[PDB]
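Worksheet for the structure shown next.
Every chain is numbered from 1 and lettered A, B, ... according to where its sequence line falls, protein lines coming before strand lines. Just so you know, ligand 1 is whichever comes first in the structure, and atom 1 is the first atom listed for that ligand. Just so you know, these numbers use all the heavy atoms, side chains as well, and skip hydrogens, waters and symmetry mates.
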Number of protein chains: 2
Amino acid sequence: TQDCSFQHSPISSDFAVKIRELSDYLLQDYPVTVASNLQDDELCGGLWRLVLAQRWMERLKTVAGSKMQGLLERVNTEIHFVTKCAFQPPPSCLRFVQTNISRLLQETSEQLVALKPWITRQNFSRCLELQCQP
Amino acid sequence: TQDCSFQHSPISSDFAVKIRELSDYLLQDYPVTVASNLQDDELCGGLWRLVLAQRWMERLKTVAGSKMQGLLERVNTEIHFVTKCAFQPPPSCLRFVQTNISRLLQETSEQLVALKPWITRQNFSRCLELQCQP
Ligand SMILES: [Zn+2]
Ligand SMILES: [Zn+2]
Ligand SMILES: [Zn+2]
Ligand SMILES: [Zn+2]
Ligand SMILES: [Zn+2]
Ligand SMILES: [Zn+2]
């Protein structure tokens, strides 16, 4: 079974800085998406969204200018650890809804904060399969 | 009667610079619009489009990060001369279409180049009213 756990915490302490820096050069209502029906799971929840947010940082880098690429990539690095785990592609039941990139960035920050005290204490093996709610 | 002429330095020599400096920090496919059926007019064509690109620059300034505002505010200053004339509100016939902001900025640059050799020699009074193709 693919496992997923972090012995040492992957979250850096100045991640909120790299996000405020990206936001300083962003057109805040740029359309991105967020899952609208992610199952309520107090252990995998933030992790699922970080994986999704992470998938967005990559897509954004491809249509970003030389200098915006660095700000994206630098925020990408703060949450790229989620790929250390074999997360499965989103299920067909997962619905996405258009939201401002400022919303996505704000939530990502929040998820890192809430995840910080637990990232190294929990076994996240069952988070690999993203789950839906109706 | 309302007049629209420019006897000063309307278009500068360094506009492609403030623009490229803006694009380097942009998500190239950010959604904007361009008029799709602007009537054919040798004298007003570019001006009308600059008029529209200008309103976008103002708009995008209200949703931009503190530092993106500066990048914008400077590109807006390059085409700010269009607000010197009493351009009338766009006609109901004027259809708009979504386009990447990269295409808008590229076109805005091309327009300033084409308009540069003439902006201070022509009288644009008849451009105050934007027209559509039949
Ligand atoms: Zn292992
Ligand atoms: Zn160790
Ligand atoms: Zn990567
Ligand atoms: Zn200039
Ligand atoms: Zn003609
Ligand atoms: Zn003004």
* Sub-3.5 Å donor-acceptor pair from the side chain of B:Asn37 to the main-chain atoms of B:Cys93, do we have one? -> yes
* Under 3.5 Å, is there a donor-acceptor pair between the side chain of B:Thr33 and the main chain of B:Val97? -> no
* Quick one: the NE2 of A:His80, the Zn ion (ligand 3), OE2 of A:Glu58 angle, rounded to 10°, please. => 90°
* Structure fact -> To the Zn ion (ligand 1), the closest N, O or S atom belonging to A:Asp3 is OD2
* Within the distance-only criterion (no hydrogens, no angle test), does the side chain of B:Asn100 pair as donor or acceptor with the backbone N or O of B:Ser102 below 3.5 angstrom? -> no
* Which residues and atoms, counting only protein N, O or S, are under 2.8 Å from the Zn ion (ligand 2)? -> A:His8 NE2
* Asked: Is it true that A:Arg126 and A:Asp41 make a salt bridge, defined as a side-chain N closer than 4.0 Å to a carboxylate O?
  -> yes
* Asked: Between A:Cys127 and A:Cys44, is the SG-SG gap less than 2.5 Å?
  -> yes
* To do: Could you tell me whether B:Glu73 and B:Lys61 have a side-chain N and a carboxylate O separated by less than 4.0 Å?
  => yes
* To do: Fit a plane to each ring of B:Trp56 and B:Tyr30, take the angle between them on a 0 to 90° scale, and name the class: parallel (under 30°), tilted (30 to 60°) or perpendicular (over 60°).
  => perpendicular
